Amino acid sequence: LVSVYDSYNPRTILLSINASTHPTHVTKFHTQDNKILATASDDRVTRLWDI
Amino acid sequence: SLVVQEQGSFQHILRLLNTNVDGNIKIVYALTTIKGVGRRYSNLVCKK
Amino acid sequence: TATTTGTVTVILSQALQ
Amino acid sequence: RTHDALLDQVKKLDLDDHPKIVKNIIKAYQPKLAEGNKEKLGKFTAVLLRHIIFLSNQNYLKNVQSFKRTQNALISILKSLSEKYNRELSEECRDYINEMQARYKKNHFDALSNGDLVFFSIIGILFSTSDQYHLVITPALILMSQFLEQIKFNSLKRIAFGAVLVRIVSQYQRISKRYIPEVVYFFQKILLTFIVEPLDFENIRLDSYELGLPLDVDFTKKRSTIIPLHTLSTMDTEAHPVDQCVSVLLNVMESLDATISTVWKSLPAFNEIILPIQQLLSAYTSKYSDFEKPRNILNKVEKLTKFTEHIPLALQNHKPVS
Amino acid sequence: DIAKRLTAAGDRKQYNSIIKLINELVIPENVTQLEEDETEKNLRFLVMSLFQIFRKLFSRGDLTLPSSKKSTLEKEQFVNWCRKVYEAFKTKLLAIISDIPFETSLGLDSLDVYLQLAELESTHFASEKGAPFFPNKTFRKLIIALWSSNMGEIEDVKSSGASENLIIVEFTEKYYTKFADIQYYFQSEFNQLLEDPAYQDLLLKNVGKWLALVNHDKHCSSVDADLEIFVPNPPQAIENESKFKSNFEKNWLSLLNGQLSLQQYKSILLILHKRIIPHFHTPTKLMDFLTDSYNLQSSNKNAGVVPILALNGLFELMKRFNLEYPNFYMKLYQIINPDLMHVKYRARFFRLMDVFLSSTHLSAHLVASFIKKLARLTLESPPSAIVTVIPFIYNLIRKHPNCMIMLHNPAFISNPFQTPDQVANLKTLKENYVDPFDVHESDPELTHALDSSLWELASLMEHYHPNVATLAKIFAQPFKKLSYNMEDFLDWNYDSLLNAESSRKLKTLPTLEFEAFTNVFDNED
Amino acid sequence: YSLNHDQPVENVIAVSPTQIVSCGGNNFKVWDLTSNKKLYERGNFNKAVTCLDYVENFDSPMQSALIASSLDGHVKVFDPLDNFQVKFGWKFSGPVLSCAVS
């Protein structure tokens, strides 16, 4: 479960992407684009999500 | 592919004095799950 | 089997690697 | 009537034929006038079991056929009387298991008297071990497995003891068809023990890796069998030629063939059990080109592996809960 | 004999003696000579033990009153004569401890207590107007007698253990353990004794006496249970905890230099981490020893068990100081073999592979290799290893759930809602299937065990033991269990197995066969 | 395409728009990406390099800096301009699992 909050406000979880049933081990936004988030998991497949 | 030590084993839901206190919540808000204990008593117990 | 001493050369080798 | 030595003191007079008659006379004494005869009854059942135990391996180079007929008649009368009485005999069999384990606890191999073989045989007679659990034949089965891979096979006395232990365990699984993993290791051990004389297959770690049978076998077709004569095998494996070695080898090879055709076809890892046995039997047939039974076993296990399917597993396909 | 002994004892303890003291003092040389002549010639006298006890009591009274404490004027022969008789009694006790054919239970087992009580009372009774406990010369002579006292074959017991010398076993019972200072002074005199050349060429030989002296978890440096004192004034012996540990370190390594036999090799490897490794100032000195014990590749056929014993000390050494053994999981993959399930040490290894395979930085192919090789090994195995292999496979599949394609491949499922082309393709691929698992691969990641499947556990589901078969049924059951308490499943043996079988929970009644095997009982009757 | 770091990789970062650095096993390798090709490899550790990160243009004698954290206690800094040579390091009180800089 990728969960993206806003920084400097731990109480407002902005959206909870439900990725693979396997553990998701790396989550990072794009460094050029702003609205895509790349999550790889223990499912041997990474995913690009539009937020 | 190299050995990395695991820092202790997560033990799920605990029995404590006729209470099944859950191992997924924090310790103070877990100790207040027993009948007859408040939040001040809980964090006092954890402090001492 | 060993017959030399108990040395410290694995320590030294992966000090110098 | 008898209290584990009273039958010895009573009927320690004649040799073989009168013993069954004195047993039948004690049986006629108890159960005819049995108005209270239960403890004496179950006692002399236990005494008859212990009596064939301390009779089965004493001195069998006196009248062998008289021994054979009196022990066969003794086993027939034992089973026929103990059909009505299980709940007093099985306690004594349990205590015999518990005491021969303590025999093995001290002595390395030589507390295994050769009446234990026929002990396993007669409890395999008076019960079929088709079932999963049973009170007396499962401790016998873990004892037989403990002796199949807890004793050190360097004497051919021990190897023949193991051959008849595989005999007893295959007659155990003739109807229940379970998988004893230890008889696989026993076959693996002794079938390469007879040609180790070690630079070809690494990991069995045999106990007697110098013995084995040479490259000048006589190719006689009238060679012997099981030889249910453990008293004779105890002498034979000290005054041993190669002939009893080849007899024990053909015994264990035919029981291997029998257990392949009866048990291991019904196991999903059959193609994983018959790689190393196939290796050593290929070593046989290209070491000698003499025994036709390794080529027969090679051909039939090649047919079994070629005409089974051996696909992956689907064990975790569960029906959905509602 | 006994008459002259008791009369001489009454004369020696009567009031005083000079010429009778000389006679009853030179009589001890005759008692020592008579025991040394009857050594393996009579072996049952007990007058020798009475003579040792009587000369002990006589020299004890002589060291009470007329010892060689000091002098004032012209008493320059009394002190020399009294110390000469005491030194001759001590030398006879040392020869009595050194010279014994076997466990005769008198000539050494009482001479040890004689020299011990002599030095224990001779802590005092010198010129020492302070807080000494100086036995050092008598103690050095005691231990050089104790190591020269070679019996027949009880040293280096070729089955197992250390040494079955009866007086050395009694020493490590009650003359080594129950205090603090005498073991420390023993280590100090040992590590002075191992430095002159002739004594060190004799002392690197009989190491098993020292193994029996050390492997007991009851040292003064071990803080688990500590001791009391019997000596009057101990001279800063318990203070220098650094000196005890450094002495323990250097005599351990210096006699680990000398004539390693395989039995005591395995003995020190088994006690290497729980007994001696906290009593080292620098335990990195043993790192070369146990890394070569770990990658020991010898031609000896029983030299395949020693990596499994070096693993515990080597992993505790890595964990305490993070040093590296390269190709660690490759070597741990080649260490599992059909010997490892039939070996005596399974639980000691599997409770370490619990830690080694719970690492969060290793691969699904690696865990797949480690469980597929373990299953092909476990198909020919005792139930002692079955009941510790299959919950281990359970916990590893539960921690790496990608490894459940070895138990359940969904490509080989025929559901009723399928295309005819789909069931055609299914039949062609299950005919053109062959598993790629290769047992001769050395590399766990390069073993194709994920691409293979796991048939050995399904075959193991039909086992002769009901408890074992119902334990293997869990791989057709679902996976609602989280873990299995491997240290509760580990050490099930044949003996404890049939023990619990005879002492099981309920008790059904046995049944009988309607089969009628009348003539042919087996196929062997 | 695919770049065959032989060990199981633990991290991959991008230094230039062209070259990327992958750590895994005892070394790290750098790969030119326009030519699909390895050009440096530094194996100056004892255990597996767990993580990397990279700095550019900050106030430093080093114009760029790649630091690497390696499960044996060590974190080291490598200078990408003279052939990824190591320039400084820290030793820590246990196996270092992750690292970063400002």
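Per-chain numbering from 1; labels A, B, C, D, E and F assigned in written order.
Methods note: a residue touches a chain if its C-beta (ideal position, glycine included) is under 8 Å from a C-beta of that chain, and two chains touch if they have at least 3 such contacts.
Note on connectivity: the fewest chain-to-chain touch steps from chain B to chain C number 2. Taking each chain's centre as the mean of its C-alpha atoms, the one that lies farthest from the centre of chain C is D. Counting contacting C-beta pairs between every two chains, the top pair is D-E. Averaging Cα coordinates per chain places chain C and chain D 54 Å apart. Per-chain CA centroids place chain A at a distance of 65 Å from chain D.
One inter-chain figure worth recording: chain A and chain F are separated by 25 Å, centre to centre, where each centre is the mean of the chain's CA atoms. Annotation for chain F: residues 8, 46-48, 71, 95 touch two or more other chains. Residues of chain C found to touch two or more other chains are 14. Among the residues of chain B, those touching two or more other chains are numbered 1-2, 4-5. Residues 1-6, 12 of chain B are the ones that touch chain E when the two sit in their complex.
In the complex of the two chains, the chain E residues touching chain D come out as 301, 337-339, 342, 376, 378-383, 386, 404, 406-413, 430, 433, 435, 453-456, 458-460, 462-466, 469, 475-476, 478-479, 494-495, 497-498, 501-502, 507-513, 515, 517-519, 521-525. Within the complex, the chain E residues that touch chain A are 401-402. Contact residues on chain E toward chain C in their complex (touch as defined above): 253, 256-257, 260, 265, 284-289, 291-292, 323-324. Those residues of chain A whose C-beta lies close enough to touch chain E in the complex are 22, 42, 44.
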